[PDB]
């Protein structure tokens, strides 16, 4: 039978679990002499085009093509056994990640799947922290050269539109940021109180059934305009008692209504008035109008993912945060292009878009070195995993978006940051108004 090779990693075991939308995803158990370290992989709602490849089975006869048994098989049959034989120090995240990258041998991780590779990468990072004898977020901070831990402002999904709701609302998501809180504990209290006030307002105006939630845990009532959505959020902030301590973020996902070089803010109405479509300059004016009227501090994907001119123009006129998501796709080649063009000033960090801890940190540090902020992000398909809680604390980016304070694939992350806050103790720092650049 088996013989123990006395390698640094004792076992690596992948399995199929279910994500928060009820679809299979990958989980990895990595065992060392110090114990078992478990991590699971999130999944986005759709294909990126520039992302590292998420490997699905495409077996039409089972799970409607969405099982991840091939990815799981790659970990158990090849990636895991070869990494174990490599006998690498589990604290050297970079060597292990680069070994995996080279073993896969493709640019987009299309041999094993980014979902096979990332699950190991994340579990390795936990094993390395245990070997160091420090919490995961301190290990991540070391991997990033970060000398001061600072907790993030949470960015809570509250209102949804775009292709993710049947309302008229064109813009995809609206978020609240308690930048005026004095601690992460108080930020969570403020977000949860505003969220419940918003629920009460929606119930009163739209009815009880209008308070069911989407994938992120927020609401999608039958709102007609983006202005109405901002008004609704402002009313909820005012009823909650936090006007002036809550600011607003938007994720426009403008690629989804980019048609014939213009933008269609009524793209869910099939009889849309094509004379009402906005050129990028007119759309930038609308954003600027919302910024004057509402405490909007961050706008994500304001233009199409390849509309570099419009991005550069807007990022140059405004002084708020402009976040690349579909623009940058956690991809250093795209980030380098965005840096050169000054197209945005904040990177959305989705670790499973690139597929290792090491590359994720590198992408963050590339953004940071060029003066950008970083907003750590969930995916729409999440799990009970809380890694990105430690990640945003360890990188001290000052900002994470990982759901409404509703649905425990979202609260798992916020709860983990509360645990970290308690562990750090008195003197723990909270980014607050400096969320774009905490240090």
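Residue numbers count along the first chain shown, from 1.
- The question of which stretch, 99-107 or 262-270, has the higher mean Cα B factor is settled in favour of 262-270.
- Mean CA B-factor, 329-337 versus 357-365: the higher value falls on 329-337.
- Out of 77, 289, 186, 215, it is 289 whose C-alpha atom has the highest B-factor in the PDB entry.
- Across 173, 247, 281, 193, the entry's maximum B-factor at the CA atom is seen for 281.
- Ranked against the other modelled residues of its chain, the C-alpha B-factor of residue 167 as given in the entry falls in the highest third.
- Among the modelled residues of its chain, residue 203 has a C-alpha B-factor that falls in the middle third, as given in the PDB entry.
- Residue 48 sits in the highest third of its chain by CA B factor, as recorded in the PDB entry.
- Residue 352: CA B factor in the lowest third of modelled residues in this chain (values from the PDB entry).
- In this PDB entry, the Cα temperature factor of residue 138 sits in the bottom third of its chain's modelled residues, the lowest group.
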